[PDB]
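Enquirer: If you use PDB author numbering, the sequence shown corresponds to residues 13 to 64, 67 to 140, in order. The structure is given below, and queries will be raised subsequently.
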Amino acid sequence: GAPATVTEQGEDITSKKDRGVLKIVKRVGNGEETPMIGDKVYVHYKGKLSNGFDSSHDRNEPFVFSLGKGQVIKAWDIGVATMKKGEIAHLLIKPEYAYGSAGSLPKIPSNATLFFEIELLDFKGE
Ligand SMILES: COc1cc2cc(c1OC)O[C@@H](C)CCn1cc(nn1)C[C@H](C)COC(=O)[C@@H]1CCCCN1C(=O)[C@H]2C1CCCCC1
């Protein structure tokens, strides 16, 4: 299903072209602007380890963060920078762009691949 489809069909949006962060657009958003570094960004998301969720909907409010400020994993700083307002995307993320061989116990083991569906709700310049 979704993680496999991203492996098969996703665009590599890494600078290194190392397939560290693969993307599919699932719903098209509106506008020419994508967020840039410093913007306050509002999303809903559903994430899991790629082998089978943490969801913003669990907490009945959007997840907010400042883009490219190291507040989230590298793969979000990269991925969300490509998204338009109202876009839903699927990301599949190797450990290098997430929590690495160190991991982040107890939630994240060593060398974990992660999957997210992200909806970009809004963003505003600092
Ligand atoms: C490693 O720790 C966690 C990882 C993830 C979520 C974590 C978390 O405990 C801090 O908490 C949520 C349960 C509560 C909301 N939340 C998200 C963040 N801060 N508070 C942002 C986190 C500090 C870092 O998270 C991330 O960079 C990414 C992208 C942004 C959304 C959350 N992210 C995660 O990696 C989740 C993780 C997804 C896979 C399934 C396990 C949880």
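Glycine included, every Cβ here is placed at the ideal spot set by N, Cα and C.
Specify the secondary structure class of residue 115 as computed by DSSP and reduced to three states.
Expert: Reduced to three states, the DSSP call for residue 115 is coil.
Enquirer: Ligand 1 and residue 57: does any heavy atom of the ligand fall closer than 7 Å to the residue's C-beta?
Expert: Yes, the Cβ of residue 57 comes within 7 Å of a heavy atom of ligand 1.
Enquirer: Does the segment 109 to 116 come close enough to the segment 38 to 48 that 3 or more CB-CB pairs lie under 8 Å?
Expert: Because the criterion of three Cβ pairs below 8 Å is not met, the segment 38 to 48 and the segment 109 to 116 do not touch.
Enquirer: Quick check for students: name the residue ranges of the beta strand (DSSP E) that lie wholly in the segment 26 to 63, counting only runs of 3 or more.
Expert: Whole beta strand (DSSP E) segments, 3+ residues: 33 to 39 and 52 to 61.
Enquirer: Helix, strand or coil for residue 80? Go by DSSP, reduced to three states.
Expert: Reduced to three states, the DSSP call for residue 80 is strand.
Enquirer: Assuming residue 107 is part of the beta strand (DSSP E), what are its boundary residues?
Expert: Unbroken beta strand (DSSP E) run through residue 107: 102 to 107.
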